[PDB]
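Content type mmCIF, C-alpha atoms and all ligand atoms, from the file input.cif:
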data_data
#
loop_
_atom_site.label_atom_id
_atom_site.label_comp_id
_atom_site.auth_asym_id
_atom_site.auth_seq_id
_atom_site.Cartn_x
_atom_site.Cartn_y
_atom_site.Cartn_z
CA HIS U 4 0.00 0.00 0.00
CA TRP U 5 1.19 3.61 0.42
CA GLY U 6 4.53 4.95 1.59
CA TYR U 7 7.22 7.50 0.85
CA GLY U 8 9.19 5.94 -2.09
CA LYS U 9 9.04 6.85 -5.88
CA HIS U 10 6.45 4.26 -6.48
CA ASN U 11 4.07 4.66 -3.50
CA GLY U 12 4.86 8.19 -2.26
CA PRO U 13 2.61 11.21 -1.78
CA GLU U 14 2.19 11.82 -5.52
CA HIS U 15 0.38 8.48 -5.75
CA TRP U 16 -1.87 8.58 -2.69
CA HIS U 17 -4.79 10.18 -4.52
CA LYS U 18 -5.44 7.00 -6.52
CA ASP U 19 -6.53 5.10 -3.40
CA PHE U 20 -7.54 8.22 -1.38
CA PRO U 21 -9.11 10.74 -3.73
CA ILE U 22 -9.50 13.25 -0.80
CA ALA U 23 -5.74 13.76 -1.39
CA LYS U 24 -6.88 16.51 -3.84
CA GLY U 25 -9.57 17.89 -1.47
CA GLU U 26 -10.28 21.37 -0.21
CA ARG U 27 -8.65 21.20 3.19
CA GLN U 28 -5.48 19.09 2.85
CA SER U 29 -2.40 19.30 5.08
CA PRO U 30 0.31 20.21 5.40
CA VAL U 31 0.54 23.77 3.98
CA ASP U 32 3.14 26.54 3.66
CA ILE U 33 2.67 29.23 6.26
CA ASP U 34 3.18 32.60 4.63
CA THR U 35 4.13 34.79 7.57
CA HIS U 36 3.10 38.00 5.69
CA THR U 37 -0.41 36.78 4.88
CA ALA U 38 -1.30 35.06 8.18
CA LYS U 39 -3.37 37.51 10.25
CA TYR U 40 -3.16 38.10 13.97
CA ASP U 41 -6.55 37.22 15.40
CA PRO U 42 -7.07 39.04 18.76
CA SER U 43 -10.11 36.75 19.28
CA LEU U 44 -7.97 33.55 19.65
CA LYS U 45 -8.55 32.36 23.33
CA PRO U 46 -5.38 31.41 25.07
CA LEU U 47 -3.92 27.83 24.42
CA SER U 48 -4.02 25.32 27.27
CA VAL U 49 -1.65 22.40 27.18
CA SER U 50 -2.41 20.22 30.23
CA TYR U 51 0.03 17.35 30.32
CA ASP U 52 0.69 17.05 34.05
CA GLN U 53 -1.21 13.75 34.20
CA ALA U 54 -0.05 12.26 30.84
CA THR U 55 0.45 8.46 30.95
CA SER U 56 2.65 7.18 28.10
CA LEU U 57 2.36 3.40 27.55
CA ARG U 58 4.19 2.17 24.48
CA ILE U 59 6.30 3.10 21.46
CA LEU U 60 5.51 1.50 18.09
CA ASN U 61 7.28 1.46 14.71
CA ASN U 62 4.27 1.35 12.33
CA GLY U 63 6.38 1.33 9.16
CA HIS U 64 5.77 5.07 8.47
CA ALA U 65 7.05 6.67 11.68
CA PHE U 66 7.13 5.73 15.38
CA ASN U 67 4.21 6.56 17.66
CA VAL U 68 4.58 7.14 21.38
CA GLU U 69 1.14 6.15 22.61
CA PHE U 70 -0.73 7.40 25.69
CA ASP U 71 -3.57 6.17 27.83
CA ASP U 72 -6.54 8.21 26.48
CA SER U 73 -9.18 6.00 28.24
CA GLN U 74 -9.87 9.07 30.51
CA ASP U 75 -9.14 12.85 30.38
CA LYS U 76 -5.45 12.86 31.51
CA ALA U 77 -3.29 14.82 29.05
CA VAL U 78 -5.56 17.33 27.20
CA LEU U 79 -5.38 20.26 24.81
CA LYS U 80 -7.97 23.06 25.22
CA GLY U 81 -8.41 26.74 24.30
CA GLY U 82 -6.65 28.47 21.40
CA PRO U 83 -9.08 28.05 18.42
CA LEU U 84 -10.63 24.93 20.05
CA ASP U 85 -14.03 24.29 21.59
CA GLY U 86 -14.09 21.63 24.17
CA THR U 87 -11.57 19.09 25.32
CA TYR U 88 -9.14 17.14 23.17
CA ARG U 89 -7.34 14.07 24.63
CA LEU U 90 -3.70 13.26 23.70
CA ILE U 91 -3.59 9.85 22.02
CA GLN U 92 -0.05 9.67 20.50
CA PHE U 93 2.82 11.75 19.18
CA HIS U 94 5.18 11.02 16.28
CA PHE U 95 7.60 12.91 14.01
CA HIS U 96 8.32 13.38 10.33
CA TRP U 97 11.96 13.93 9.39
CA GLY U 98 14.37 14.07 6.53
CA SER U 99 17.46 12.30 5.10
CA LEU U 100 19.41 15.51 5.73
CA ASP U 101 18.79 18.64 7.94
CA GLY U 102 17.54 20.73 4.96
CA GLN U 103 14.19 18.97 4.75
CA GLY U 104 11.95 16.86 6.96
CA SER U 105 9.08 19.08 8.16
CA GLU U 106 5.57 18.91 6.67
CA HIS U 107 4.46 22.47 7.33
CA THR U 108 6.85 25.08 5.99
CA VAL U 109 7.33 28.73 7.06
CA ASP U 110 7.81 31.13 4.11
CA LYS U 111 8.80 27.98 2.17
CA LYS U 112 11.52 27.12 4.78
CA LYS U 113 11.65 23.35 5.56
CA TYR U 114 12.86 22.37 9.09
CA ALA U 115 14.83 19.27 9.84
CA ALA U 116 11.74 17.57 11.39
CA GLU U 117 8.24 18.20 12.81
CA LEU U 118 6.60 16.72 15.92
CA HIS U 119 2.86 16.02 15.87
CA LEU U 120 1.04 15.70 19.26
CA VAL U 121 -2.31 14.19 18.22
CA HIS U 122 -5.50 14.82 20.22
CA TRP U 123 -9.16 13.85 19.74
CA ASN U 124 -12.35 15.67 20.60
CA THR U 125 -13.97 13.87 23.58
CA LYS U 127 -17.47 15.08 22.55
CA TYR U 128 -17.30 12.19 19.92
CA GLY U 129 -16.62 9.56 22.60
CA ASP U 130 -13.90 7.62 20.73
CA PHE U 131 -11.08 8.36 18.28
CA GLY U 132 -12.59 6.36 15.39
CA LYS U 133 -15.74 8.53 15.68
CA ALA U 134 -13.72 11.79 16.05
CA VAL U 135 -11.80 11.26 12.74
CA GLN U 136 -15.14 11.39 10.82
CA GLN U 137 -15.87 14.95 12.01
CA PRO U 138 -14.52 18.28 10.79
CA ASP U 139 -13.62 19.31 14.40
CA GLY U 140 -12.62 15.75 15.44
CA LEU U 141 -8.87 16.19 15.95
CA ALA U 142 -6.38 18.90 17.05
CA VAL U 143 -2.76 18.33 16.10
CA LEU U 144 -0.14 20.45 17.81
CA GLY U 145 2.80 20.75 15.41
CA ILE U 146 6.33 21.67 16.57
CA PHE U 147 9.22 22.25 14.29
CA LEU U 148 12.66 20.80 14.94
CA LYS U 149 15.95 22.44 14.00
CA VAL U 150 19.39 20.97 14.58
CA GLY U 151 21.69 22.61 17.09
CA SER U 152 21.86 21.86 20.79
CA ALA U 153 20.38 18.60 22.13
CA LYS U 154 16.89 18.44 23.55
CA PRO U 155 17.21 16.72 26.96
CA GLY U 156 13.56 15.67 26.99
CA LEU U 157 13.90 13.84 23.68
CA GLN U 158 16.81 11.62 24.72
CA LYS U 159 14.63 8.84 26.27
CA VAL U 160 12.89 8.57 22.91
CA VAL U 161 16.03 8.37 20.85
CA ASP U 162 17.51 5.83 23.22
CA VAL U 163 14.71 3.32 22.72
CA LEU U 164 14.74 3.50 18.85
CA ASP U 165 17.33 0.66 18.56
CA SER U 166 14.73 -1.70 20.05
CA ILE U 167 11.95 -0.85 17.52
CA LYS U 168 14.12 -0.74 14.40
CA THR U 169 11.61 -2.36 12.02
CA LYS U 170 7.89 -2.13 11.22
CA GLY U 171 5.56 -3.86 13.75
CA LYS U 172 8.11 -3.71 16.61
CA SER U 173 7.09 -2.06 19.79
CA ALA U 174 8.49 -1.45 23.26
CA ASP U 175 7.16 -0.53 26.71
CA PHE U 176 7.46 3.29 27.09
CA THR U 177 5.89 4.33 30.35
CA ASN U 178 6.44 7.49 32.37
CA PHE U 179 7.62 9.67 29.47
CA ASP U 180 6.78 13.37 30.02
CA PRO U 181 5.87 15.08 26.74
CA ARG U 182 6.16 18.53 28.37
CA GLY U 183 9.90 18.06 27.73
CA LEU U 184 9.33 18.39 23.98
CA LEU U 185 7.62 21.85 24.12
CA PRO U 186 9.36 25.08 23.22
CA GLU U 187 9.31 28.14 25.59
CA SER U 188 6.58 30.04 23.75
CA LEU U 189 3.11 28.72 22.87
CA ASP U 190 2.58 31.36 20.11
CA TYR U 191 0.98 29.52 17.12
CA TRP U 192 -0.64 29.57 13.71
CA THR U 193 -3.90 27.79 13.14
CA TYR U 194 -5.94 26.61 10.13
CA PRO U 195 -8.47 23.78 9.30
CA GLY U 196 -6.79 20.81 7.60
CA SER U 197 -6.35 17.04 7.45
CA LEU U 198 -4.33 14.03 8.51
CA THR U 199 -1.09 14.18 6.47
CA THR U 200 -1.01 10.38 5.91
CA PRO U 201 -3.64 8.17 4.27
CA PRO U 202 -6.54 8.18 4.69
CA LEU U 203 -5.97 11.96 4.76
CA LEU U 204 -9.28 12.62 6.51
CA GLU U 205 -10.34 16.26 6.72
CA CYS U 206 -10.87 16.25 10.50
CA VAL U 207 -7.98 18.31 11.93
CA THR U 208 -7.61 21.70 13.55
CA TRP U 209 -3.94 22.43 13.09
CA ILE U 210 -2.11 24.39 15.72
CA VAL U 211 1.53 24.93 14.60
CA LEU U 212 3.93 26.56 17.09
CA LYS U 213 6.02 29.45 15.87
CA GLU U 214 9.10 28.61 18.04
CA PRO U 215 11.01 25.49 16.98
CA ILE U 216 12.73 23.21 19.43
CA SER U 217 16.47 22.51 19.04
CA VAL U 218 17.66 18.88 18.86
CA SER U 219 21.21 17.66 18.26
CA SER U 220 22.70 16.16 15.07
CA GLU U 221 23.31 12.91 17.03
CA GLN U 222 19.66 12.89 18.05
CA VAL U 223 18.20 13.20 14.53
CA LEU U 224 20.85 10.76 13.11
CA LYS U 225 19.25 8.13 15.36
CA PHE U 226 15.74 8.80 13.86
CA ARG U 227 17.37 8.17 10.45
CA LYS U 228 18.59 4.66 11.48
CA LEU U 229 15.05 3.36 11.81
CA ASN U 230 13.64 1.18 9.03
CA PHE U 231 10.39 1.39 7.03
CA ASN U 232 10.70 -2.37 6.32
CA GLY U 233 9.81 -5.27 8.64
CA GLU U 234 12.36 -7.62 10.32
CA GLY U 235 14.74 -9.40 7.91
CA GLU U 236 13.42 -7.60 4.78
CA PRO U 237 15.70 -5.50 2.56
CA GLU U 238 16.72 -2.45 4.59
CA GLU U 239 15.01 0.82 3.62
CA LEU U 240 16.03 3.60 6.04
CA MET U 241 13.05 5.50 7.51
CA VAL U 242 13.91 8.97 6.21
CA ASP U 243 11.91 11.64 4.33
CA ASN U 244 8.59 10.40 5.71
CA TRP U 245 6.98 13.83 5.17
CA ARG U 246 4.20 14.94 2.87
CA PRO U 247 4.98 18.19 0.93
CA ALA U 248 2.84 21.36 1.32
CA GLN U 249 -0.59 21.24 -0.31
CA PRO U 250 -2.73 23.96 -1.90
CA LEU U 251 -4.15 26.42 0.64
CA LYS U 252 -7.35 26.96 -1.43
CA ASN U 253 -10.05 28.89 0.44
CA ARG U 254 -8.45 28.80 3.92
CA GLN U 255 -7.24 31.44 6.32
CA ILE U 256 -4.14 30.86 8.48
CA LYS U 257 -4.58 32.84 11.73
CA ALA U 258 -1.77 33.90 14.13
CA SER U 259 -2.17 33.95 17.93
CA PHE U 260 0.46 36.66 18.27
CA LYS U 261 0.64 40.30 17.02
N1 LIG U 301 0.46 13.27 10.56
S1 LIG U 301 -0.85 13.67 11.36
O1 LIG U 301 -1.66 14.50 10.47
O2 LIG U 301 -0.51 14.24 12.63
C1 LIG U 301 -1.71 12.24 11.61
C2 LIG U 301 -2.18 11.91 12.90
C3 LIG U 301 -2.87 10.74 13.20
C4 LIG U 301 -3.20 9.86 12.14
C5 LIG U 301 -3.93 8.60 12.40
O3 LIG U 301 -4.48 8.39 13.50
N2 LIG U 301 -4.02 7.72 11.41
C6 LIG U 301 -4.72 6.45 11.63
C7 LIG U 301 -6.16 6.61 11.15
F1 LIG U 301 -6.79 7.59 11.73
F2 LIG U 301 -6.15 6.87 9.85
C8 LIG U 301 -6.96 5.38 11.55
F3 LIG U 301 -6.46 4.29 10.91
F4 LIG U 301 -6.75 5.11 12.87
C9 LIG U 301 -8.47 5.76 11.27
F5 LIG U 301 -9.02 5.95 12.48
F6 LIG U 301 -8.83 6.69 10.30
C10 LIG U 301 -9.01 4.59 10.53
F7 LIG U 301 -8.17 4.74 9.46
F8 LIG U 301 -8.88 3.60 11.45
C11 LIG U 301 -10.48 4.74 10.03
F9 LIG U 301 -10.64 5.40 8.84
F10 LIG U 301 -11.21 5.30 11.01
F11 LIG U 301 -10.91 3.51 9.83
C12 LIG U 301 -2.77 10.14 10.85
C13 LIG U 301 -2.07 11.34 10.57
ZN ZN U 302 2.20 13.60 11.53
#

Can you give me the file's structure in the form of structure tokens?
Ligand SMILES: NS(=O)(=O)c1ccc(C(=O)NCC(F)(F)C(F)(F)C(F)(F)C(F)(F)C(F)(F)F)cc1
Ligand SMILES: [Zn+2]
Amino acid sequence: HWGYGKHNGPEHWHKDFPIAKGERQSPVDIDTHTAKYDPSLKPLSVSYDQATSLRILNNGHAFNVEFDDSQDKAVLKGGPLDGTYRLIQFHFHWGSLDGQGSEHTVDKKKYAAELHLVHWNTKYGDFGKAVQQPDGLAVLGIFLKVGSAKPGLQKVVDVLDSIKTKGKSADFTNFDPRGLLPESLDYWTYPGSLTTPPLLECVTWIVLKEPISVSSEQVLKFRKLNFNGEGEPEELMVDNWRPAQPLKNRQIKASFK
């Protein structure tokens, strides 16, 4: 099925998922001179004090750090959102070199990677229901640039050796995702979609202006993961990002003046 190579990569996804050419696809380029400050944006509330991480999984496209979302522990509220969105997993998209890797771009600039903290709207009762609704998910997107190490990421990069190939997983309890946030919570927001098949148009995107810094050694370890399963020909998990899609009739709003 789909992937990131020449033969199954983003330019092909529309054949099995025609919504690939829809009216609210993600990611997009964020044109900093067109995005308008919206003084009506309520403030953002990231409540991760009670987050319970459970497991890390290589799913053959990225790795997901998964949380217990059986109850309202780690939630995202406020900003452009109505109601309460539960954290279910985070993952990253990254490149083969530092010059590309992010999905969103800023004035066409690609970052070395992008973190997605995925949350679902609890008024829909479960995640599978939430993905069918235009306000079903809220994805908090954080850019990564390469420079000084991020101390809160090191537990993640140290476990990657044990989930090298697709379908491998490891116990990953007690990880605190607050250690992946930047200082400022200033953000851009627009209505969009999942950036992997089935590309459902169910996401409120909230993309932080301030990137986090990670080290070269840190991102080099992301790039040693494999897209393939155990014992199959090795295909390094790199460039697992979808390029920017047409903005169409959408407004990107800024939380900051
Ligand atoms: N990169 S991103 O934008 O942050 C991003 C975030 C999360 C997902 C994600 O949960 N895909 C998984 C998925 F939702 F597609 C899903 F398989 F779980 C699903 F529920 F849709 C379903 F396919 F099961 C469906 F249709 F309901 F049957 C994808 C992209
Ligand atoms: Zn993602």

Output the neighbourhood of ligand ZN 302 (chain U) as a compact mmCIF listing (two decimals) with C-alpha atoms, in the coordinates of the input, that is, all protein and nucleic acid residues with some atom at most 7 Å from the ligand, counting only C-alpha atoms and all ligand atoms.
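In the end it all went to selection_14.txt:
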# COMPACT_ATOMS: atom_id res chain seq x y z
CA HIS U 94 5.18 11.02 16.28
CA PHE U 95 7.60 12.91 14.01
CA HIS U 96 8.32 13.38 10.33
CA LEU U 118 6.60 16.72 15.92
CA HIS U 119 2.86 16.02 15.87
CA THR U 199 -1.09 14.18 6.47

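For ligand LIG 301 (chain U), the protein and nucleic acid residues at most 6 Å away, judged by all atoms listed in the file, amount to residues 119, 121, 132, 135, 143, 198, 199, 200 and 202 of chain U.
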
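The residue that comes closest to residue U:16, out of U:235, U:196, U:46, U:201 and on the basis of only C-alpha atoms, is U:201.
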
- Do a neighbour search on stretch 227-230 of chain U at 10 Å with only C-alpha atoms, toss out local chain neighbours closer than 3 positions, and write the hits as a PyMOL selection string. chain U and resi 61-66+97-100+164-170+222-224+233-234+236-243

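The closest residue to residue U:158, picked from U:144, U:218, U:203, U:120 and counting only C-alpha atoms, is U:218.
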
- Would you list the residues near (-0.5, 7.0, 31.1), meaning any protein, DNA or RNA residue with an atom at most 9 Å from that point in file coordinates, counting all atoms listed in the file, as a PyMOL selection string? chain U and resi 53-57+69-72+76-77+177-179

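Taking all atoms listed in the file into account, residue U:74 lies nearest to U:125 out of the set U:105, U:29, U:125, U:43.
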
- Message: To one decimal place in Å, what is the distance between atom CA of residue U:183 and atom CA of residue U:157?
- Response: 7.1 Å

- Message: So that I can check the surroundings of residue U:258, please list as a PyMOL selection string every protein, DNA and RNA residue that reaches within 8 Å of it, counting all atoms listed in the file and ignoring chain neighbours fewer than 5 positions away.
- Response: chain U and resi 38-41+190-193

Dump of C-alpha atoms for the selected residues, as an mmCIF file, in the coordinates of the input:
data_model
loop_
_atom_site.group_PDB
_atom_site.id
_atom_site.type_symbol
_atom_site.label_atom_id
_atom_site.label_comp_id
_atom_site.auth_asym_id
_atom_site.auth_seq_id
_atom_site.Cartn_x
_atom_site.Cartn_y
_atom_site.Cartn_z
ATOM 1 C CA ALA U 38 -1.300 35.060 8.180
ATOM 2 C CA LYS U 39 -3.370 37.510 10.250
ATOM 3 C CA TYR U 40 -3.160 38.100 13.970
ATOM 4 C CA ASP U 41 -6.550 37.220 15.400
ATOM 5 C CA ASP U 190 2.580 31.360 20.110
ATOM 6 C CA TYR U 191 0.980 29.520 17.120
ATOM 7 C CA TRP U 192 -0.640 29.570 13.710
ATOM 8 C CA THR U 193 -3.900 27.790 13.140
#

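Closest approach to residue U:194 from the set U:181, U:82, U:6, U:13 is made by U:82, with distances taken over only C-alpha atoms.
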
Some atoms are absent from stretch 101-127 of chain U, so rebuild N, CA, C and O atoms and return them as a compact mmCIF listing (two decimals), keeping the file's coordinate frame.
# COMPACT_ATOMS: atom_id res chain seq x y z
N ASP U 101 19.45 17.61 7.10
CA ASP U 101 18.79 18.64 7.94
C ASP U 101 17.97 19.67 7.14
O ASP U 101 17.10 20.33 7.70
N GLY U 102 18.20 19.75 5.84
CA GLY U 102 17.54 20.73 4.96
C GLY U 102 16.10 20.42 4.59
O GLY U 102 15.49 21.18 3.84
N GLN U 103 15.57 19.29 5.04
CA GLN U 103 14.19 18.97 4.75
C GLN U 103 13.74 17.99 5.82
O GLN U 103 14.53 17.41 6.59
N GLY U 104 12.43 17.81 5.92
CA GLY U 104 11.95 16.86 6.96
C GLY U 104 10.60 17.31 7.50
O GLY U 104 9.73 16.47 7.82
N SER U 105 10.38 18.63 7.60
CA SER U 105 9.08 19.08 8.16
C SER U 105 8.00 18.96 7.09
O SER U 105 8.29 18.87 5.88
N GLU U 106 6.74 18.93 7.56
CA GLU U 106 5.57 18.91 6.67
C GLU U 106 5.07 20.31 6.41
O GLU U 106 5.05 20.73 5.23
N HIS U 107 4.64 21.02 7.47
CA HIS U 107 4.46 22.47 7.33
C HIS U 107 5.78 23.14 7.02
O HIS U 107 6.86 22.62 7.35
N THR U 108 5.68 24.23 6.27
CA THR U 108 6.85 25.08 5.99
C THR U 108 6.53 26.52 6.41
O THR U 108 5.36 26.88 6.50
N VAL U 109 7.57 27.33 6.65
CA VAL U 109 7.33 28.73 7.06
C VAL U 109 8.02 29.60 6.01
O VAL U 109 9.26 29.50 5.90
N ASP U 110 7.24 30.38 5.25
CA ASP U 110 7.81 31.13 4.11
C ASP U 110 8.72 30.23 3.26
O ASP U 110 9.85 30.63 2.87
N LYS U 111 8.21 29.01 3.00
CA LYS U 111 8.80 27.98 2.17
C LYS U 111 9.98 27.31 2.83
O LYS U 111 10.51 26.37 2.24
N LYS U 112 10.38 27.76 4.05
CA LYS U 112 11.52 27.12 4.78
C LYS U 112 11.07 25.73 5.30
O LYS U 112 10.04 25.66 5.98
N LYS U 113 11.84 24.68 4.97
CA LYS U 113 11.65 23.35 5.56
C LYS U 113 12.57 23.21 6.77
O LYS U 113 13.77 23.54 6.71
N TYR U 114 12.05 22.69 7.89
CA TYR U 114 12.86 22.37 9.09
C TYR U 114 13.33 20.98 8.99
O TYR U 114 12.85 20.24 8.11
N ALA U 115 14.22 20.59 9.90
CA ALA U 115 14.83 19.27 9.84
C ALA U 115 13.80 18.18 10.22
O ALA U 115 13.92 17.03 9.78
N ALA U 116 12.80 18.56 11.03
CA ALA U 116 11.74 17.57 11.39
C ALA U 116 10.54 18.35 11.95
O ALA U 116 10.61 19.61 12.15
N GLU U 117 9.49 17.59 12.24
CA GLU U 117 8.24 18.20 12.81
C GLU U 117 7.60 17.13 13.68
O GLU U 117 7.43 15.97 13.26
N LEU U 118 7.29 17.53 14.92
CA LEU U 118 6.60 16.72 15.92
C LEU U 118 5.10 16.99 15.85
O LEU U 118 4.69 18.12 15.79
N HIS U 119 4.32 15.92 15.84
CA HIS U 119 2.86 16.02 15.87
C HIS U 119 2.31 15.37 17.13
O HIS U 119 2.44 14.13 17.27
N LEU U 120 1.73 16.18 18.01
CA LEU U 120 1.04 15.70 19.26
C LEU U 120 -0.43 15.67 18.90
O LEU U 120 -1.04 16.73 18.60
N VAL U 121 -0.96 14.45 18.80
CA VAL U 121 -2.31 14.19 18.22
C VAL U 121 -3.36 14.07 19.34
O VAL U 121 -3.20 13.24 20.24
N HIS U 122 -4.46 14.81 19.22
CA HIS U 122 -5.50 14.82 20.22
C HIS U 122 -6.88 14.66 19.59
O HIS U 122 -7.12 15.21 18.50
N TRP U 123 -7.81 14.01 20.29
CA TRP U 123 -9.16 13.85 19.74
C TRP U 123 -10.27 14.44 20.61
O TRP U 123 -10.17 14.46 21.86
N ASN U 124 -11.32 14.91 19.94
CA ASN U 124 -12.35 15.67 20.60
C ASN U 124 -13.23 14.72 21.42
O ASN U 124 -13.90 13.88 20.82
N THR U 125 -13.30 14.88 22.75
CA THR U 125 -13.97 13.87 23.58
C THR U 125 -15.50 13.91 23.39
O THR U 125 -16.19 12.99 23.80
N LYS U 127 -16.04 15.16 22.76
CA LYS U 127 -17.47 15.08 22.55
C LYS U 127 -17.90 13.96 21.57
O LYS U 127 -19.07 13.69 21.55
